[PDB]
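Enquirer: Would you mind keeping the following structure in view while I ask a few things?
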Amino acid sequence: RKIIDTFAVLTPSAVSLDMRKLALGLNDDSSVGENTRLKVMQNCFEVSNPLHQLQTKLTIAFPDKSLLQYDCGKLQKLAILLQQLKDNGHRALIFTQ
Amino acid sequence: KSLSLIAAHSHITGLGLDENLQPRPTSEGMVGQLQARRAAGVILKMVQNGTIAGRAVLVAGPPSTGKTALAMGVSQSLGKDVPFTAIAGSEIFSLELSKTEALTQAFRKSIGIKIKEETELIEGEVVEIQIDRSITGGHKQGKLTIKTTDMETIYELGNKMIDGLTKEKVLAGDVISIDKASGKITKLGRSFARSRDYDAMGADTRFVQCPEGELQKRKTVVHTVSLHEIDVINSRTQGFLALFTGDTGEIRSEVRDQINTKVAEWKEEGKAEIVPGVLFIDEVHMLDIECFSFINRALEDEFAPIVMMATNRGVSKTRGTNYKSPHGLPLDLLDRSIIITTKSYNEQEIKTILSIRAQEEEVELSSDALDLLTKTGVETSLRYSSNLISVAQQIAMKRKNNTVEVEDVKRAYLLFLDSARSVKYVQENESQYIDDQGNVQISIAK
Amino acid sequence: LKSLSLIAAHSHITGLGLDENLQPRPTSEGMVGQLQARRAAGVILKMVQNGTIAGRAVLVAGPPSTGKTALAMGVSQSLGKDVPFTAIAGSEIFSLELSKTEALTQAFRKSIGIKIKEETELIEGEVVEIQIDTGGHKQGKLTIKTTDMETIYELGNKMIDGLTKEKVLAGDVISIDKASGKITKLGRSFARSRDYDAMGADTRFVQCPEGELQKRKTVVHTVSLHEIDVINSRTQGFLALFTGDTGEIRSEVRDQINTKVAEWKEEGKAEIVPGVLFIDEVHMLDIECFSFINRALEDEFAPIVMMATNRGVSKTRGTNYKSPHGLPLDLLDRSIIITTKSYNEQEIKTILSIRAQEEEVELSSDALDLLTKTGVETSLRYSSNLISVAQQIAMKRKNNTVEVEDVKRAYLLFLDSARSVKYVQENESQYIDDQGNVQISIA
Amino acid sequence: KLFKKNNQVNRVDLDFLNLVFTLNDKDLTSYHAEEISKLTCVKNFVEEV
Amino acid sequence: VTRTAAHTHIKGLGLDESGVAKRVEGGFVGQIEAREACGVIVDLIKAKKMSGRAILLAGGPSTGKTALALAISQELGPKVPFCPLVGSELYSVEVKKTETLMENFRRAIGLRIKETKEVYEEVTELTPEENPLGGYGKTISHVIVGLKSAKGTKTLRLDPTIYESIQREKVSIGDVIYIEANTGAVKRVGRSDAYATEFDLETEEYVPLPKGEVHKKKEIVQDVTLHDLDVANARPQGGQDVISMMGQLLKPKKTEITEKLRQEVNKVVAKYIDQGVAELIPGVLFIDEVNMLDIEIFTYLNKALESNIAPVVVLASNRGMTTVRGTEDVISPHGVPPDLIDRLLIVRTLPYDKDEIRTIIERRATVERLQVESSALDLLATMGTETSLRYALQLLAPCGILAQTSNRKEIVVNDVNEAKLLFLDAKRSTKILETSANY
Amino acid sequence: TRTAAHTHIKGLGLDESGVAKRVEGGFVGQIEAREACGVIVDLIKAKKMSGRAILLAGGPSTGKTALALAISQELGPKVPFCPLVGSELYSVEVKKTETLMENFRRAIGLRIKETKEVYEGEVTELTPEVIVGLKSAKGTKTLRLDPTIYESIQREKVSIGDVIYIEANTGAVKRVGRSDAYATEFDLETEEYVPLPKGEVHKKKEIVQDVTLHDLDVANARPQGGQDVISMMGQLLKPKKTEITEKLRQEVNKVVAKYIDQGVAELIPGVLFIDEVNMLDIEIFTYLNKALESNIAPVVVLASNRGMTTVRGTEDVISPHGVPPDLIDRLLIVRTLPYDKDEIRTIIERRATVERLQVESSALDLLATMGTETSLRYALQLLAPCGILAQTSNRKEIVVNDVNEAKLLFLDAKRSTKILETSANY
Amino acid sequence: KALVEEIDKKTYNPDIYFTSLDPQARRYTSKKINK
Ligand SMILES: Nc1ncnc2c1ncn2[C@@H]1O[C@H](COP(=O)(O)OP(=O)(O)O)[C@@H](O)[C@H]1O
Ligand SMILES: Nc1ncnc2c1ncn2[C@@H]1O[C@H](COP(=O)(O)OP(=O)(O)O)[C@@H](O)[C@H]1O
Ligand SMILES: Nc1ncnc2c1ncn2[C@@H]1O[C@H](COP(=O)(O)OP(=O)(O)O)[C@@H](O)[C@H]1O
Ligand SMILES: Nc1ncnc2c1ncn2[C@@H]1O[C@H](COP(=O)(O)OP(=O)(O)O)[C@@H](O)[C@H]1O
Ligand SMILES: [Mg+2]
Ligand SMILES: [Mg+2]
Ligand SMILES: [Mg+2]
Ligand SMILES: [Mg+2]
């Protein structure tokens with residue numbers, strides 16, 4: 001789990017809806033039976049999936065959280081100074097325009 | 001339409017001819033090749049007749065003498081609504097399908113059928129939908145109101161189509177088309193009614209619409225489908241997906257026989273028409289003896305389209321065998337076909353072609369520049385000049401002048417080499433390139 | 001006529017024509033001549049019927065159309081049913097899904113079968129009229145009736161839990177085992193035929209079974225080793241016994257099956273019947289195939305291998321050198337060769353008469369003599385087909401018997417190989433040459 | 001819709017006449033089938049006939 | 001408005017009752033001996049006795065072998081199967097060539113079967129259903145359904161299972177259905193046409209009422225091939241679970257059908273034949289350019305021909321003394337190994353003559369609906385005799401196009417000359433190919 | 001930093017007039033080739049032509065691959081650039097022509113603009129139909145959702161009090177995590193906590209994401225759906241790639257043409273580079289000949305170092321650079337010249353200064369003489385062992401002793417062949 | 001239907017769908033509409 005969380009990043013560049021459902025023939029209009037399509041979808045929903053987390057990680061990716069501190073030159077020095085100041089029991093007023 | 005950048009045959013627009021099948025000296029893109037042009041026109045008329053099947057014509061000649069150009073011309077002059085499948089000989093060898101199956105699919109793709117049906121249609125502006133719940137007296141009490149340009153009328157829904165209009169969020173005040181038998185609802189956008197009510201929607205609705213006529217009429221729907229599409233459709237549960245994924249996988253012969261019988265029954269039942277298009281094969285010498293043997297029999301079938309072939313070589317060794325044959329084709333296949341030959345090109349014809357290419361690539365040429373390009377084309381080749389003319393445009397723009405002069409052409413000639421010059425340079429310094437046996441000298445000294 | 005054969009190429013042959021002392025009679029059971037080969041084949045048949053010898057290579061060699069395939073067909077017919085006889089050709093070995101060795105191993109495994117017995121007990125005749133009324137569906141009793149027995153059985157919680165699923169209408173003949181298994185639906189009594197007017201897709205009317213309720217039976221199944229391997233290979237491998245996509249069964253399954261068969265034979269539940277693997281046109285086969293056979297012949301689970309070939313000193317496929325019979329000397333060493341000789345005029349005449357008798361064709365004496373003469377000058381199969389062609393000729397002429405005129409018309413209507421070769425040689429220009437040079441134009 | 005118009009007019013159900021027997025291995029036993037075949041052959045409808 | 005392709009001007013062998021071939025009948029001219037031999041062969045095929053006979057036609061290109069085989073197929077009739085193939089068609093990619101050869105071998109013989117069925121067809125009313133008195137939580141004893149039809153109505157009683165099948169179909173009360181009591185399956189034909197205009201719109205097609213008696217007794221006769229049964233058993237279509245339908249979703253690729261399945265199919269077919277229910281009919285397998293076959297398929301043909309239910313195979317070849325493909329030092333006639341040509345019979349086809357070529361050109365012109373002159377026809381015949389028979393037949397159509405362009409209905413000498421100058425043949429192309437620098 | 005035989009070349013080093021300076025952009029010499037490459041670069045930037053085909057021919061160690069890389073780097077990251085070798089076209093599951101066409105489609109690009117609608121925040125209620133009562137830090141709104149997105153929600157084991165993040169365009173669902181409000185429920189609770197998102201629950205954004213034609217061709221050729229189990233099993237059903245029918249390509253072309261006509265997207269043709277074209281066979285050459293005369297083909301550049309050799313796949317067809325004459329006829333040839341002593345010395349100096357190494361003048365002259373005597377690549381590669389040998393002696397500057405010891409330790413091709421010929425045991 | 005749709009939790013009758021050009025914006029049965 002830890003490895004698959006850390007090293008799964010890439011997502012498809014382009015996706016086309018109404019094609020995943022059409023691949024299996026399970027849609028509103030298809031040559032398969034109207035009720036035969038219901039049995040298989042019910043069975044599939046009852047079927048569990050052990051690869052779900054990989055599916056979530058390979059569809060939408062979030063741009064981390066720490067990089068906000070990393071991506072600004074002033075923020076790193078501000079964090080260092082604030083940590084040093086708090087460890088010594090001080091309080092600060094910040095000013096900006 | 002069909003957004004494209006440029007093609008080597010972009011200027012060609014449907015051959016060039018008269019009402020008497022006579023070729024003009026210069027018309028619709030191509031020049032010269034009068035006899036070949038008239039032969040292509042005769043073949044085109046034969047194709048348009050549609051009463052003759054399985055004819056093989058082989059266009060042969062030296063390279064760069066209007067062969068693919070002639071094929072593009074006949075394809076364009078044939079127009080749409082008639083299939084034209086152009087394939088290369090090197091794309092039949094596949095790891096998924098046997099060459100026979102690929103050739104059969106190519107043959108079937110080139111013949112189409114038009115299926116005509118008659119359907120009643122209901123069109124007009126809808127102004128209000130009313131929907132009720134489930135009641136003992138009636139399962140669903142729903143009504144629809146339709147406004148045409150001249151009529152307003154009330155329809156009553158019969159417990160199913162309400163699911164049709166609730167499957168997708170539709171709303172009143174727009175023109176829609178609904179089929180009595182099919183039951184499909186097609187929302188064409190938004191009605192006209194009052195301009196202001198739909199003038200602030202942020203474009204959309206496909207430039208709105210206005211009701212035209214009455215409520216219901218009777219129209220004819222024609223569907224054009226290739227035969228190969230029919231075999232793919234009937235082969236599997238969902239073959240229309242295979243029409244894009246390309247995993248048909250050697251459809252069985254029983255399906256093809258059933259398709260043939262049913263299509264014939266339709267044809268003498270008056271329910272469908274047949275359009276026998278054209279199949280064109282470039283670089284036919286790249287095929288195999290097995291493919292030629294299969295073509296020998298596939299040509300004689302009733303549903304055999306007109307086949308055109310393009311080859312360059314003369315008296316070469318056919319692939320899959322060990323003997324030399326003319327055109328790279330076996331004797332029997334040559335006997336089964338009709339040969340159209342092409343000649344070389346005159347200096348005047350080369351100049352006219354270069355001028356056509358110039359006006360096609362929005363490049364202005366001075367008279368002396370065109371003369372120099374024509375001289376180079378006569379000396380070396382047509383395609384070299386047809387490339388130099390485009391490459392000199394950037395050099396011209398580098399001098400901040402749009403017109404192309406002699407200096408630009410000279411610079412392009414001295415910058416980009418040619419086959420003869422490259423061969424001479426290679427033979428002069430063969431010790432630097434990699435030899436046939438793989439011996440190379442890299443050190444400058446000694 | 002149990003098989004669907006109309007008329008085979010050699011269907012007149014039913015076993016080898018030999019007697020108790022193994023001496024082959026001059027003509028019996030559809031075989032004529034070839035006394036030495038028939039005697040050798042009878043010895044081979046005795047060896048395979050004995051079942052105490054494993055992995056023997058016998059090779060039948062002779063010029064074409066001398067009875068090698070006929071001899072093997074006679075051996076197979078004389079061996080009788082219940083004994084496997086896997087007949088294949090060389091060209092079938094090369095496959096696009098399995099390697100050559102895998103296909104050879106599958107053929108070897110198919111060649112030998114096993115008889116496995118199974119003892120079971122059943123209860124049949126469940127014309128019940130159940131009696132179930134405490135709480136939770138109490139009163140677990142039901143009756144059982146048949147022709148000679150009738151008794152009431154009490155029920156347990158698990159028994160009624162099984163009964164409620166697959167409901168029994170209390171008037172349908174049902175079966176159940178005492179092996180703590182599943183109660184099996186069998187059918188409905190004839191008394192409930194008139195009740196409805198359109199029966200379902202799973203309802204049948206079986207008569208009331210007779211005898212005793214608790215029956216015990218032994219059933220013997222004849223299964224090849226290859227079938228066992230295929231069944232145990234996958235989750236549902238039995239379907240691959242029809243589709244054929246087994247896919248190179250691994251060695252672990254094979255050795256496990258070998259141990260299982262050894263245990264079954266030791267316990268007396270099964271017995272092995274060896275068979276015969278016959279290979280037509282063994283001359284065309286890769287050096288890899290012969291290399292594999294050289295070692296596969298030495299296994300304990302090895303059948304008797306018969307091979308047929310008609311080549312002289314020819315090149316073996318996959319190599320550059322020439323060997324006798326198109327086989328390496330290493331394989332030829334571990335085999336015994338039965339050689340078939342050419343045919344005599346009288347034997348040819350007798351074979352022609354037998355074949356004509358098989359097709360209900362009445363030949364005149366002179367017609368038969370001319371046919372024998374043609375079959376002596378040309379090959380025998382040419383005349384063998386000419387008899388049927390001439391029978392059709394005569395039938396078109398409204399005459400039952402075939403005469404010399406019909407035979408001569410058939411001879412001049414269909415061409416022998418030698419005449420066709422001569423005509424091709426005399427007209428080389430019209431036919432396509434080896435270099436693809438032809439002269440279509442007549443002038 | 002056009003092709004599925006003359007289906008039942010010339011179609012014979014292969015499963016009905018025991019021609020697709022390949023699936024009968026799934027839920028049929030040998031001895032039960034033998035007992036059915038024993039208690040199969042007519043001899044009852046003819047009486048009422 | 002009828003299409004033609006190198007044929008359709010032949011419609012038989014042109015033989016009288018006695019088997020004598022008329023000179024010009026059925027679209028054929030000449031080739032008396034070959035036509036007589038092919039008529040004898042088709043008579044033997046109609047005899048329905050033999051199994052595995054093999055005929056091979058020999059002759060130069062454009063001599064009538066394919067025409068002879070198509071004439072045999074036309075003479076046989078639509079009922080008897082006729083499977084045509086090219087030699088190169090056997091080299092499949094999905095499965096080994098031997099399997100494809102066996103499949104096409106079995107596709108040639110056919111089987112005509114018959115089956116008698118009862119059926120019931122406007123639904124009037126239906127009532128479902130007694131006391132449990134046992135382990136039945138919910139009991140539906142029987143269902144009463146009434147049908148209207150056209151030639152009188154009738155009601156009946158039917159099992160709960162067919163009622164659940166109806167509920168699966170989910171039919172209404174004013175509908176027309178199709179219930180087959182053989183399999184106990186109900187098919188909803190649709191609504192009733194006379195029940196129209198209940199609502200202003202309705203998607204479902206209303207469909208008229210069934211004609212005749214509701215309780216229909218009928219019999220059906222179908223022609224299939226043993227390959228159809230083999231395919232049906234190898235890849236069954238039944239199944240409701242996920243696995244079966246998802247297997248149906250994958251592309252159907254050919255496999256190696258086992259011998260045991262074929263043996264069981266043969267046993268079942270024989271059992272049905274013995275009852276008189278069905279009868280078998282052998283067909284014909286036709287192969288073009290057998291020289292395209294390699295040594296492996298040629299060897300396997302020996303084993304296949306000597307089988308028990310092999311059909312009649314007709315082979316075509318135009319080569320002379322050539323090396324059999326697949327081996328490098330085996331010179332054989334027609335590119336067929338000596339054993340195979342020892343196993344079959346040979347029919348020779350002779351080259352045509354000037355008058356025969358002229359008559360063929362005239363027949364093709366008549367069947368193409370074209371007008372020609374006697375002088376023009378003579379020039380065309382001389383041209384064909386100078387280059388090839390096929391050249392004139394191919395060149396006929398552009399001559400017609402050129403004639404139509406100048407508003408003239410008859411082919412004339414100048415049109416033929418113009419077509420000659422416009423379109424070349426193999427000989428002139430060969431003569432002008434080597435006399436040039438660039439190929 | 002990391003260097004690998006390159007990254008000292010930063011462009012063609014041309015001026016506005018197009019005249020190549022003698023030394024500029026990590027380049028020395030090769031003036032004519034650089035000018036021709038700049039002309040080709042301008043032609044590509046014009047975005048008018050289609051299917052133009054040039055190849056640059058010369059001996060080994062002359063800068064052909066360097067020229068192609070410089071062209072790619074000068075074009076810019078905006079323009080797609082597909083590099084390839086001749087041996088990649090021989091795939092296993094698809095034919096060679098299909099792979100070549102796949103690369104052709106991959107070569108050109110399309111820049112499009114799209115609007116994405118997003119919902120996020122804490123979940124208040126979840127009632128089956130699904131109705132979701134989303135609540136942000138300022139707004140609250142209830143939404144109706146499809147069964148598929150409901151199944152994705154269920155597979156995410158979401159519950160009341162979980163800040164989530166739904167995307168409307170694709171249906172992607174991601175549970176951000178437990179809301180910070182319930183931060184006191186278990187002293188060792190494993191679940192992480194996140195503050196409520198800021199702003200209204202519904203937001204819209206405009207993005208300019210780029211794509212390639214092959215990307216949106218394979219998009220509907222085979223899917224990569226996502227979190228739905230049905231889509232997962234559908235994409236698992238077929239694991240192998242397949243040849244794409246021309247009908248799909250035509251439909252893709254029509255859709256892209258409609259998009260660009262609507263003023264929503266623009267088309268940027270790219271370059272396809274093929275190094276060592278001599279590995280191609282006759283069939284691929286013929287198919288490329290056919291495919292060059294198309295209306296969407298990009299600019300293809302080819303590299304080869306061959307004399308008059310036999311085309312692979314043929315027996316006796318000899319041609320220059322191992323390219324069939326018919327394909328040569330529609331080609332533009334760019335010559336490449338060998339180097340001189342001073343050029344070799346300058347290149348060695350540049351490669352030394354990019355690798356942060358100090359080489360004295362005498363050592364540099366010895367290296368230049370060695371490069372002239374043996375090869376340029378050998379002299380370039382012998383720099384690092386010399387640096388390590390200098391470092392081991394606790395020094396920084398390369399000395400004549402260092403290059404002599406490097407010569408002793410490592411051998412070039414000539415001496416290796418000499419010791420190979422004059423030996424008994426192979 | 002298009003996935004993800006906004007509702008305001010008021011009314012929201014899945015079996016009642018009323019749409020018009022809003023000239024009166026009144027149901028035909030709002031309060032037994034009659035007299
Ligand atoms: N008659 C013509 N009119 C206009 N362009 C021509 C003509 N003949 C040849 N060309 C030019 O030649 C090129 C095509 O050469 P082509 O004849 O296809 O070579 P090949 O015969 O080797 O395939 C095209 O770019 C086209 O512009
Ligand atoms: N002793 C025999 N008895 C009956 N028929 C025979 C005998 N010998 C040969 N034949 C006939 O010869 C044919 C078998 O030829 P065979 O020698 O098997 O050819 P090949 O050697 O090519 O396998 C059969 O059709 C059979 O009728
Ligand atoms: N005796 C004949 N009568 C009429 N047409 C013939 C005759 N012989 C040949 N033909 C015609 O010649 C054409 C080509 O002959 P074909 O049978 O294809 O030669 P091949 O035997 O080499 O295949 C056919 O379309 C056929 O109609
Ligand atoms: N003008 C140049 N300036 C600097 N280095 C060059 C120059 N030309 C070639 N090189 C170097 O020569 C080496 C060989 O170049 P490359 O094009 O990759 O192979 P080849 O020249 O053999 O085709 C490259 O590592 C490159 O750094
Ligand atoms: Mg071309
Ligand atoms: Mg034999
Ligand atoms: Mg033929
Ligand atoms: Mg390089």
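Heads up, residue numbers simply count up from 1 along the chain you see.
Method reported for this entry: electron microscopy, 3.5 Å.
Cβ atoms here come from the backbone N, Cα and C positions, even for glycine.
Pulled these features from Swiss-Prot for this protein:
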type    : residues                                                               : note
BINDING : C:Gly62, C:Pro63, C:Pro64, C:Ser65, C:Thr66, C:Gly67, C:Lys68, C:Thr69 : ATP binding site
Enquirer: What other residues of the same chain, not counting C:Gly62, C:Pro63, C:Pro64, C:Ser65, C:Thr66, C:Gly67, C:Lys68, C:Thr69, have a CB atom within 8 A of the CB centroid of the ATP site?
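Expert: Along the chain, the qualifying residues are C:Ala70, C:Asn310, C:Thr340.
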Enquirer: Tell me the coarse DSSP state (helix, strand, coil) of C:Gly62 (ATP binding site).
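Expert: For C:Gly62 (ATP binding site) - judged by DSSP and reduced to three states - the answer is coil.
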Enquirer: Can you tell me how many other Cβ atoms are located within 10 Å of the Cβ belonging to C:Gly67 (ATP binding site)?
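Expert: Result for C:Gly67 (ATP binding site): 24 neighbouring Cβ atoms inside 10 Å.
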Enquirer: 10 Å Cβ neighbour count around C:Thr69 (ATP binding site)?
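Expert: Its Cβ shell of radius 10 Å holds 22 other Cβ atoms.
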Enquirer: Residues with Cβ closer than 8 Å to the Cβ of C:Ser65 (ATP binding site), same chain and 6+ apart in sequence?
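Expert: Correct list: C:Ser379, C:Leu380, C:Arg381.
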Enquirer: Whose Cβ, among the binding-site residues C:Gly62, C:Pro64, C:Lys68, has more other Cβ atoms within 10 Å than any of the rest?
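Expert: Result of the Cβ crowding comparison: C:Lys68.
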Enquirer: So, three-state DSSP: helix, strand or coil for C:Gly67 (ATP binding site)?
Expert: coil
Enquirer: Please compare the binding-site residues C:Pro63, C:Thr66 by how many other CB atoms fall within 10 Å of each one's CB, and tell me which has the fewest.
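Expert: Checked C:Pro63, C:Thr66; of these binding-site residues, fewest Cβ neighbours within 10 Å: C:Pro63.
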Enquirer: Given binding-site residues C:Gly62, C:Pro63, C:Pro64, C:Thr66, C:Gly67, C:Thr69, which are under 8 Å from chain E when comparing Cβ atoms?
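Expert: Going by the Cβ criterion (under 8 Å to chain E), the qualifying binding-site residues are C:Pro64, C:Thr69.
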Enquirer: Where ligand 2 binds, which of the binding-site residues C:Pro63, C:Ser65, C:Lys68 are close by, with Cβ under 6 Å?
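Expert: Checking each Cβ against ligand 2, the ones under 6 Å are C:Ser65, C:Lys68.
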